[PDB]
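Engineer: Structure supplied as final.pdb; contents: PDB, C-alpha atoms (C1' of nucleotides).
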```pdb
ATOM      1  CA  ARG A   1      66.183  81.136  79.092
ATOM      2  CA  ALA A   2      69.333  81.079  81.179
ATOM      3  CA  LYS A   3      68.842  80.877  84.921
ATOM      4  CA  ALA A   4      69.238  84.121  86.802
ATOM      5  CA  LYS A   5      72.533  84.194  88.637
ATOM      6  CA  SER A   6      73.927  86.533  91.207
ATOM      7  CA  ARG A   7      76.926  88.391  89.973
ATOM      8  CA  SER A   8      78.543  88.198  93.366
ATOM      9  CA  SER A   9      78.875  84.484  92.834
ATOM     10  CA  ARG A  10      80.279  85.011  89.375
ATOM     11  CA  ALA A  11      82.886  87.457  90.605
ATOM     12  CA  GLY A  12      83.711  85.304  93.633
ATOM     13  CA  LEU A  13      82.555  88.144  95.887
ATOM     14  CA  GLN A  14      80.379  88.343  98.969
ATOM     15  CA  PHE A  15      79.293  91.931  98.408
ATOM     16  CA  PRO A  16      76.444  92.480  95.919
ATOM     17  CA  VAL A  17      77.475  93.608  92.466
ATOM     18  CA  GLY A  18      74.207  94.348  90.718
ATOM     19  CA  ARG A  19      73.327  96.635  93.553
ATOM     20  CA  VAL A  20      76.609  98.468  93.384
ATOM     21  CA  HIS A  21      76.095  98.913  89.665
ATOM     22  CA  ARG A  22      72.713 100.251  90.516
ATOM     23  CA  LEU A  23      74.021 102.685  93.041
ATOM     24  CA  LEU A  24      76.821 103.900  90.774
ATOM     25  CA  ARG A  25      74.552 104.769  87.814
ATOM     26  CA  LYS A  26      72.438 106.959  90.095
ATOM     27  CA  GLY A  27      73.117 109.369  92.922
ATOM     28  CA  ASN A  28      74.019 111.236  89.778
ATOM     29  CA  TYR A  29      77.607 110.082  89.643
ATOM     30  CA  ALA A  30      77.550 109.829  85.855
ATOM     31  CA  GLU A  31      75.273 109.378  82.897
ATOM     32  CA  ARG A  32      76.693 105.948  82.347
ATOM     33  CA  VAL A  33      78.404 103.199  84.252
ATOM     34  CA  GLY A  34      80.603 100.645  82.587
ATOM     35  CA  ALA A  35      80.126  96.951  83.257
ATOM     36  CA  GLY A  36      83.423  96.503  85.072
ATOM     37  CA  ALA A  37      83.064  99.458  87.408
ATOM     38  CA  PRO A  38      80.520  97.875  89.852
ATOM     39  CA  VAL A  39      82.615  94.772  89.920
ATOM     40  CA  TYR A  40      85.890  96.577  90.635
ATOM     41  CA  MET A  41      84.169  98.533  93.357
ATOM     42  CA  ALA A  42      82.439  95.614  95.002
ATOM     43  CA  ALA A  43      85.803  93.946  95.389
ATOM     44  CA  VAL A  44      87.231  97.072  96.981
ATOM     45  CA  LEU A  45      84.480  97.551  99.500
ATOM     46  CA  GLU A  46      84.735  93.910 100.417
ATOM     47  CA  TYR A  47      88.492  94.074 100.815
ATOM     48  CA  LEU A  48      88.353  97.023 103.169
ATOM     49  CA  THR A  49      85.510  95.501 105.095
ATOM     50  CA  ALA A  50      87.619  92.424 105.677
ATOM     51  CA  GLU A  51      90.587  94.422 106.896
ATOM     52  CA  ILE A  52      88.603  96.185 109.558
ATOM     53  CA  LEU A  53      86.792  93.069 110.661
ATOM     54  CA  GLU A  54      89.975  91.073 110.786
TER
ATOM     55  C1'  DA B   1     123.878 155.978 137.968
ATOM     56  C1'  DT B   2     119.774 157.060 134.799
ATOM     57  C1'  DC B   3     117.197 160.479 131.558
ATOM     58  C1'  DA B   4     116.835 162.974 127.533
ATOM     59  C1'  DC B   5     118.699 165.163 123.866
ATOM     60  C1'  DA B   6     121.348 166.246 119.725
ATOM     61  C1'  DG B   7     123.952 164.655 116.109
ATOM     62  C1'  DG B   8     125.095 161.385 112.774
ATOM     63  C1'  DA B   9     124.030 157.515 110.027
ATOM     64  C1'  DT B  10     120.910 155.046 107.801
ATOM     65  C1'  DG B  11     116.789 153.851 105.545
ATOM     66  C1'  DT B  12     112.230 155.287 104.002
ATOM     67  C1'  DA B  13     108.935 157.907 101.590
ATOM     68  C1'  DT B  14     108.463 161.481  98.112
ATOM     69  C1'  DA B  15     108.176 163.983  93.710
ATOM     70  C1'  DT B  16     109.994 163.708  88.938
ATOM     71  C1'  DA B  17     110.810 162.216  84.139
ATOM     72  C1'  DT B  18     110.914 158.469  80.813
ATOM     73  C1'  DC B  19     109.842 153.693  79.026
ATOM     74  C1'  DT B  20     107.149 149.915  77.445
ATOM     75  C1'  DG B  21     103.932 146.212  77.224
ATOM     76  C1'  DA B  22      99.495 144.979  79.261
ATOM     77  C1'  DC B  23      95.246 146.623  79.401
ATOM     78  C1'  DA B  24      90.888 148.693  77.152
ATOM     79  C1'  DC B  25      88.272 148.990  73.159
ATOM     80  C1'  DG B  26      86.794 147.681  68.252
ATOM     81  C1'  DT B  27      86.027 144.330  64.446
ATOM     82  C1'  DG B  28      84.165 140.109  62.453
ATOM     83  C1'  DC B  29      82.351 136.008  62.947
ATOM     84  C1'  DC B  30      79.438 131.622  64.606
ATOM     85  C1'  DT B  31      77.469 128.725  67.755
ATOM     86  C1'  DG B  32      75.071 128.708  72.012
ATOM     87  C1'  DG B  33      70.876 131.233  73.987
ATOM     88  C1'  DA B  34      66.120 132.011  73.408
ATOM     89  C1'  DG B  35      61.482 131.225  71.484
ATOM     90  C1'  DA B  36      57.882 127.784  70.283
ATOM     91  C1'  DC B  37      55.970 123.124  70.748
ATOM     92  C1'  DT B  38      54.426 118.708  72.437
ATOM     93  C1'  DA B  39      54.370 114.757  75.954
ATOM     94  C1'  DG B  40      54.293 112.663  80.399
ATOM     95  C1'  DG B  41      56.336 111.921  85.175
ATOM     96  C1'  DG B  42      57.391 114.399  89.484
ATOM     97  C1'  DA B  43      55.851 117.251  92.839
ATOM     98  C1'  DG B  44      52.002 118.931  95.258
ATOM     99  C1'  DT B  45      47.977 118.136  97.884
ATOM    100  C1'  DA B  46      44.949 115.856 101.157
ATOM    101  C1'  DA B  47      43.464 111.478 103.656
ATOM    102  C1'  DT B  48      44.447 109.188 107.525
ATOM    103  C1'  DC B  49      47.005 105.719 110.268
ATOM    104  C1'  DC B  50      49.461 104.991 114.253
ATOM    105  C1'  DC B  51      54.390 105.583 116.128
ATOM    106  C1'  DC B  52      56.901 108.157 118.921
ATOM    107  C1'  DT B  53      57.662 112.428 121.325
ATOM    108  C1'  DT B  54      56.087 115.125 125.148
ATOM    109  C1'  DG B  55      54.620 115.785 129.824
ATOM    110  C1'  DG B  56      53.829 114.147 134.411
ATOM    111  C1'  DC B  57      54.268 111.165 138.757
ATOM    112  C1'  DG B  58      56.850 109.028 142.628
ATOM    113  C1'  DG B  59      60.854 106.542 144.544
ATOM    114  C1'  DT B  60      65.700 105.604 144.986
ATOM    115  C1'  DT B  61      69.973 106.356 144.333
ATOM    116  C1'  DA B  62      74.288 107.875 142.804
ATOM    117  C1'  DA B  63      76.251 112.294 141.743
ATOM    118  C1'  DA B  64      76.888 117.036 142.658
ATOM    119  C1'  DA B  65      77.938 120.813 145.777
ATOM    120  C1'  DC B  66      80.331 122.637 149.719
ATOM    121  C1'  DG B  67      84.092 123.204 153.041
ATOM    122  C1'  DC B  68      88.712 122.285 155.009
ATOM    123  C1'  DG B  69      93.814 121.276 155.166
ATOM    124  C1'  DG B  70      98.012 120.853 153.023
ATOM    125  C1'  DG B  71     101.234 119.617 149.602
ATOM    126  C1'  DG B  72     103.085 120.867 144.978
ATOM    127  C1'  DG B  73     103.315 123.172 141.188
ATOM    128  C1'  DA B  74     103.330 128.016 138.852
ATOM    129  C1'  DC B  75     105.706 131.993 138.855
ATOM    130  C1'  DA B  76     109.133 135.662 139.439
ATOM    131  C1'  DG B  77     113.901 136.726 139.947
ATOM    132  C1'  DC B  78     118.831 135.771 139.267
ATOM    133  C1'  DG B  79     123.069 134.587 136.827
ATOM    134  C1'  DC B  80     125.792 131.813 133.367
ATOM    135  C1'  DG B  81     127.446 131.141 128.760
ATOM    136  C1'  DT B  82     126.586 130.245 124.143
ATOM    137  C1'  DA B  83     124.054 130.276 119.909
ATOM    138  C1'  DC B  84     122.177 133.531 117.213
ATOM    139  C1'  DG B  85     122.283 138.152 114.743
ATOM    140  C1'  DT B  86     124.704 141.656 112.154
ATOM    141  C1'  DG B  87     128.157 143.301 108.868
ATOM    142  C1'  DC B  88     132.112 142.468 105.810
ATOM    143  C1'  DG B  89     134.392 140.384 101.756
ATOM    144  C1'  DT B  90     134.637 136.563  98.399
ATOM    145  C1'  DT B  91     132.329 132.954  95.530
ATOM    146  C1'  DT B  92     128.406 131.092  93.250
ATOM    147  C1'  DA B  93     124.992 130.052  90.032
ATOM    148  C1'  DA B  94     120.282 132.420  89.184
ATOM    149  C1'  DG B  95     118.233 135.019  85.990
ATOM    150  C1'  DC B  96     117.989 136.972  81.412
ATOM    151  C1'  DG B  97     118.039 136.536  76.484
ATOM    152  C1'  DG B  98     118.455 134.079  72.557
ATOM    153  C1'  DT B  99     118.826 129.702  69.691
ATOM    154  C1'  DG B 100     117.397 125.333  67.953
ATOM    155  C1'  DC B 101     115.020 120.760  68.207
ATOM    156  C1'  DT B 102     111.132 117.808  68.279
ATOM    157  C1'  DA B 103     108.013 115.304  71.700
ATOM    158  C1'  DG B 104     103.702 115.339  72.814
ATOM    159  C1'  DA B 105      99.275 118.109  73.459
ATOM    160  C1'  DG B 106      95.266 119.068  70.928
ATOM    161  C1'  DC B 107      92.051 118.590  67.239
ATOM    162  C1'  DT B 108      89.589 115.817  63.068
ATOM    163  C1'  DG B 109      87.187 112.219  61.072
ATOM    164  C1'  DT B 110      85.836 107.364  60.869
ATOM    165  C1'  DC B 111      83.731 103.218  62.685
ATOM    166  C1'  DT B 112      81.852  99.854  66.016
ATOM    167  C1'  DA B 113      81.508  97.623  70.675
ATOM    168  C1'  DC B 114      79.094  99.219  74.703
ATOM    169  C1'  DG B 115      75.431 100.670  77.671
ATOM    170  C1'  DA B 116      70.747 102.893  78.116
ATOM    171  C1'  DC B 117      66.275 101.315  77.549
ATOM    172  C1'  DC B 118      62.185  98.152  77.835
ATOM    173  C1'  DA B 119      59.395  94.012  78.942
ATOM    174  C1'  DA B 120      59.127  89.264  81.545
ATOM    175  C1'  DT B 121      60.244  86.171  85.020
ATOM    176  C1'  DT B 122      61.721  84.794  89.751
ATOM    177  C1'  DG B 123      64.553  84.030  94.017
ATOM    178  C1'  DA B 124      67.727  87.009  97.135
ATOM    179  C1'  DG B 125      66.823  89.717 100.692
ATOM    180  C1'  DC B 126      63.795  92.212 104.169
ATOM    181  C1'  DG B 127      60.186  92.132 108.042
ATOM    182  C1'  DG B 128      58.357  89.663 111.654
ATOM    183  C1'  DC B 129      58.692  85.640 114.554
ATOM    184  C1'  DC B 130      60.634  82.626 118.319
ATOM    185  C1'  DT B 131      64.662  80.630 120.975
ATOM    186  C1'  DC B 132      68.336  80.602 124.222
ATOM    187  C1'  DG B 133      73.304  81.952 125.059
ATOM    188  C1'  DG B 134      77.020  85.456 125.631
ATOM    189  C1'  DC B 135      77.366  89.406 128.361
ATOM    190  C1'  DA B 136      76.432  92.406 132.361
ATOM    191  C1'  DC B 137      76.049  92.363 137.201
ATOM    192  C1'  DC B 138      76.516  90.370 142.164
ATOM    193  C1'  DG B 139      79.305  88.942 145.939
ATOM    194  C1'  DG B 140      83.552  86.900 147.801
ATOM    195  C1'  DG B 141      88.459  86.189 147.828
ATOM    196  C1'  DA B 142      93.328  86.927 145.963
ATOM    197  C1'  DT B 143      96.932  89.759 145.154
ATOM    198  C1'  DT B 144      98.680  93.825 143.405
ATOM    199  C1'  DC B 145      99.003  98.491 143.932
ATOM    200  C1'  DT B 146     100.474 103.114 146.810
ATOM    201  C1'  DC B 147     102.295 105.296 151.002
ATOM    202  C1'  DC B 148     104.400 105.907 155.696
ATOM    203  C1'  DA B 149     107.673 104.480 159.547
ATOM    204  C1'  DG B 150     112.010 103.389 160.761
ATOM    205  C1'  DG B 151     116.730 102.298 159.559
ATOM    206  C1'  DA B 152     120.214 102.710 156.101
ATOM    207  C1'  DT B 153     122.562 106.615 152.495
TER
END
```
Just give me the structure as structure tokens.
Structural biologist:
Amino acid sequence: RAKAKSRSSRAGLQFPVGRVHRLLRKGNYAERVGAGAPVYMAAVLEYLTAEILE
DNA sequence: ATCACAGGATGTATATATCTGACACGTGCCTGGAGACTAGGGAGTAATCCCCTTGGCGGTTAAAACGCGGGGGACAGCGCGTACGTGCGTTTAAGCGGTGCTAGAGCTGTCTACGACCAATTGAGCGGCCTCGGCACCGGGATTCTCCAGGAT
């Protein structure tokens, strides 16, 4: 049994990834969401967040 | 000097006849709509808890309302001159039609890596709690604005 590990850490991100994946698959955006979509998106939201805050 | 009218010139709308290709209708599929069936999760209902909206009171205070005087902008009127509009004649390449080539859209069939799904485990994040520190406000002083008088242009 591997230890549970936050994806944000894995991706080197501060924004949550599992949650983004979760949001993407529902809200009825699509029947299915690919593994790399949540990750790509989390990076984008984080990037923009940084620009405004900076 | 201005009004209107009549004539000409021009451009528009009108009826007419003919042409053609874009619609209206019919045929033959064929695959998506409709009927029939079960299974189970979402929506509906009521309980009820308590948070937050409503209404009311009294002070106190800044903010609105009102009035007056006077400068400054909005507006109308005038005249200059030039930058556009209109019409003519020459030049351009747009549009039409047809030809020929093949690059890439669109569809078929096969196979497999990917994600939905489900059950188990747990730690990342949310609610509630205390603590005190950055921000808002007070009062005083510094200096940085605007505006008028008087002396230049």
Engineer: Hey, which bits of chain B sit within 12 Å of chain A, and for each residue what's the closest pair of atoms and how far apart in Å (one decimal), counting only C-alpha atoms (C1' of nucleotides), rows by chain and increasing number, as CSV?
Structural biologist:
```
residue,atom,partner,partner_atom,distance
B:114,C1',A:34,CA,8.2
B:115,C1',A:34,CA,7.1
B:116,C1',A:32,CA,7.9
B:120,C1',A:1,CA,11.0
B:121,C1',A:4,CA,9.4
B:122,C1',A:4,CA,8.1
B:123,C1',A:4,CA,8.6
B:124,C1',A:6,CA,8.6
B:125,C1',A:16,CA,11.1
```
Engineer: Run the PyMOL selection byres ((chain A and resi 43) around 10) mentally over the shown coordinates, then write out the matched residues as a PDB file with C-alpha atoms, keeping the file's coordinate frame, using the chain letters and numbers from the document.
Structural biologist:
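Below is the file out-v3.pdb, written as the result:
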```
ATOM      1  CA  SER A   8      78.543  88.198  93.366  1.00  0.00           C
ATOM      2  CA  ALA A  11      82.886  87.457  90.605  1.00  0.00           C
ATOM      3  CA  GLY A  12      83.711  85.304  93.633  1.00  0.00           C
ATOM      4  CA  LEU A  13      82.555  88.144  95.887  1.00  0.00           C
ATOM      5  CA  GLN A  14      80.379  88.343  98.969  1.00  0.00           C
ATOM      6  CA  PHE A  15      79.293  91.931  98.408  1.00  0.00           C
ATOM      7  CA  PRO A  16      76.444  92.480  95.919  1.00  0.00           C
ATOM      8  CA  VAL A  17      77.475  93.608  92.466  1.00  0.00           C
ATOM      9  CA  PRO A  38      80.520  97.875  89.852  1.00  0.00           C
ATOM     10  CA  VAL A  39      82.615  94.772  89.920  1.00  0.00           C
ATOM     11  CA  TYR A  40      85.890  96.577  90.635  1.00  0.00           C
ATOM     12  CA  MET A  41      84.169  98.533  93.357  1.00  0.00           C
ATOM     13  CA  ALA A  42      82.439  95.614  95.002  1.00  0.00           C
ATOM     14  CA  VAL A  44      87.231  97.072  96.981  1.00  0.00           C
ATOM     15  CA  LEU A  45      84.480  97.551  99.500  1.00  0.00           C
ATOM     16  CA  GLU A  46      84.735  93.910 100.417  1.00  0.00           C
ATOM     17  CA  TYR A  47      88.492  94.074 100.815  1.00  0.00           C
ATOM     18  CA  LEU A  48      88.353  97.023 103.169  1.00  0.00           C
ATOM     19  CA  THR A  49      85.510  95.501 105.095  1.00  0.00           C
TER      20      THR A  49
END
```
Engineer: What is the distance between atom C1' of residue B:128 and atom CA of residue A:18, in Å to one decimal?
Structural biologist: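 Interatomic distance, atom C1' of residue B:128 to atom CA of residue A:18: 26.7 Å.
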